[PDB]
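This document opens with one chain alone, in structure tokens, the form deposited in one PDB entry.
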């Protein structure tokens, strides 16, 4: 037994931070470029996207300093201020990203679940105020990391990013860990679980209703081919009334009494009259009063669900489980080297995974933008 982790720590950190810095800087730099140079009006999603991009760039610009530290066999050479600023920067990026993803999911939920006054309840103006609130809250609550005591080794060398290794146990660090775990990870994660449950159930209801509208449109076209005659008519009439009751995907957000909805409902009314009269005359109505009405908002919601869920399971969750395990391990009487090694290797991996959160945000823009 010895400090066998020291070479592993410096090898894995140098590789992963170097990779996260390059992928993170170019990915979010590109996303920021594309969003800044926008001509069409900014969405609530775009407000959250710009803020995620900035929170990611703020942190990727500090990661090259972490790289220089581990390349130097754990010797800090930039002073106290830059050590406290590099530590603070990671926690600010991590908790800002958790809050922006939560706020984005919450907004998209109210948009999907409640399309009546959705465009007035979940506005770009509202997104801007929430983000400011998120920045102030995170910047203030994370400040103790800026006013922490400097770390020095046996040989009086300046250290940075040191974990409570062994017997460095404190009860109020454990109380701060729990408030942070609940407010900063468990409450945001529960809101996402609930919101995503509501979106998925809503998406099934709308997907099944659009299959019936696709089924009535299929029967109208099929019985038209059955003519080229009393049986085909009795079948098209029951379906044309059924299709009239259904709402098309194109006019899903608009009101039921809207003049856009009235036109589609009247189109089936003119077609029902032509059906009772009876083939090339009713084929004209289905190509002028109903062809236009018979969804992307559904694809952007699925894209968001997949990237954000992965970001929570892969990046945010292992760090928060490991921090709970680690802090309690310090309070335990017995500490063998075979357990202290596997604990320290996990700190290296779960922190690298937490820092890799900036790599998920360009993917959120491709799949949900």
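What we label the rigid core is the largest C-alpha set whose atoms superpose within 1.5 Å from one form to the other. Residue numbers count along the first chain shown, from 1.
One more form of this protein, deposited in another entry, exists but is not displayed; see below.
Which single residue of 128, 266, 84, 159, after superposing the core, moves its CA by 2 Å or more between this form and the one not shown?
Result of the comparison: 266.
For residue 106, does the CA position differ by 2 Å or more between this form and the one not shown when the superposition is done on the rigid core?
After core superposition, the displacement of the residue 106 C-alpha between this form and the one not shown stays below 2 Å, so no.
Once everything's superposed on the core, is residue 174 shifted 2 Å or more at the Cα between this form and the one not shown?
Residue 174 C-alpha, core-superposed: shift of 2 Å or more.
Core aligned, does the CA of residue 288 move at least 2 Å between this form and the one not shown?
Yes, its C-alpha moves 2 Å or more.
Can you confirm the direction of the Cα distance change for residue 122 and residue 94 in that other deposited form, closer or farther than in this form, given it is 3 Å or more?
Residue 122 and residue 94 sit farther apart in that other deposited form.
What direction does the residue 13-residue 165 Cα distance move in that other deposited form compared with the shown chain, closer or farther, given a change of 3 Å or more?
Relative to this form, farther apart in that other deposited form.
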